[PDB]
Every structure is written in structure tokens, then in C-alpha cells.
């Protein structure tokens, strides 16, 4: 297990498993030839199942969300090493959205609604949107009710068809879904965009040999292929460290997030 013939490679389920698996097929191939190893992709049922797999050393690489990374890191020996970069920027934003037809175009209009959230351990579809609503005088459980719909796709669709009159999701996923014709820009209004969040970290199991780790780090950081990178809307991968995610630790402490809800 310090240098196995097969690498288990886990991907956070931020969208439908089918989409996540298809988008990563280019990378799967590249890594297979770069390493001379069998590559198995895993897409779990939710973010917490992925944290528990990290915890029991079942993963070798793991593409986490920022909050899910901070959670897994506390109970696992994984370590960060790369993140997507695009026109010099290594960050993304959370979007607050509203149902256009019902006139939900401002924070005041969220009062008395169902507000759509993603997975409970999501950075841009749970943590950041709840903080943002609170900073505009709306407290969950008294001014509105949240509902956990599991993924960012599901949040976007719920707001568009009015099952929820507002919600919170990652801005790159919203942009992607409009490009594909899934989300109609006339039906969903962007009410706000948060400050920058650090990108999703690629991580690796810590008990892998020094030589393999450097090879993994190099391969990602040196990567330049359009087959691999085009489904990601990225120019490459840039280096990152654990302290890039202290902002996220601060935000989670402030909201009152509970590691025991997500692990054990």
C-alpha cells in the first residue's frame, strides 16, 4: 500500500455522479499512462461517505471541496498539493439565486421562503450561503427554512421550477449549466456573489512513498493537455498548502459547524 498497482481516486459529488465520472475521463487516462498504474474512480453517495473513506485509508488521491477537506484533514492523514487555476486565479465564488417569476430578486424577498442548500458539508451551497443570509438580517429557522437537496445541480433545478424560491450554489456550476441549456437565465436571478473561496484541493494519502508523492505532485503541476483540462475549464494546476484553508476553518467555527455531525 506504499506503492500499490492500483490507485483509488475519489471525487466529491458536487453534481450528478454520471457527470462527474464523464468529466474526469480525460484525467483518468492521463494519470494511467503517467504512472503505469490501474486507476479506479470513486464517486460517493454524499460528501460524508467520502470523509469516512479518507478516515479509514481507503483512498490514495481525493479531490475534496474546501470545507469537506478541512473536515477530513482532522481525522485523516491526507495532505493537499494542487488546485485548478484559470487566468491566474486559483479561487471560486458562491452565488445566491432566486426564482425570477415569483419576484425573488433581493434578500428581503427571501423572508418566509424555502431556501435550497446542497450537501450539509458543502462550502458554496451550505456554509457560505448561510453566513451570507445571516449577514443580511436573515436567520435560518425563524426568517426562512433551509432544505438539503444533496448537490449543486439539484439546488439550481429546485429554484428554476419553484420548489424552492431561493438558494445557494457554486458560481462555476451555475455558469456551466446555463452553457448546456439546463438553466434558463431568464428564470433564475443572481442576487449576490460572495468573496473568493480557495479552490477545491487535490489531496493524497500520506503513507504513500516519498518518490510516488513527488511523481504525483509533478505530474499534476506539469500537466498541460486540452483533453484533460477542457472539461474542467482550467489552464492547469497550481500548488497549494493546508493554511490556504484557514479562512474556511474560521467561517465554520463562526457558523457553529459540528465535526461529530459529519464523522463517527
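Residue numbers count along the first chain shown, from 1.
Set 217-225 against 38-46 and average the Cα temperature factors; 217-225 ends up higher. A summary of the deposited B-factors shows that, of 113-121 and 74-82, the stretch with the larger mean C-alpha value is 74-82. Per the PDB record, 212 has a higher Cα B-factor than any other of 27, 212, 197, 51. In the PDB entry, the Cα temperature factor peaks, among 88, 129, 172, 185, at 88. In this PDB entry, the Cα temperature factor of residue 203 sits in the middle third of its chain's modelled residues. In this PDB entry, the Cα temperature factor of residue 151 sits in the bottom third of its chain's modelled residues, the lowest group. For residue 234, the recorded CA temperature factor ranks within the highest third of the chain's modelled residues. When the modelled residues of the chain are ordered by their C-alpha B factor, residue 137 lands in the highest third. Among all modelled residues in its chain, residue 256 ranks in the highest third by Cα B-factor.
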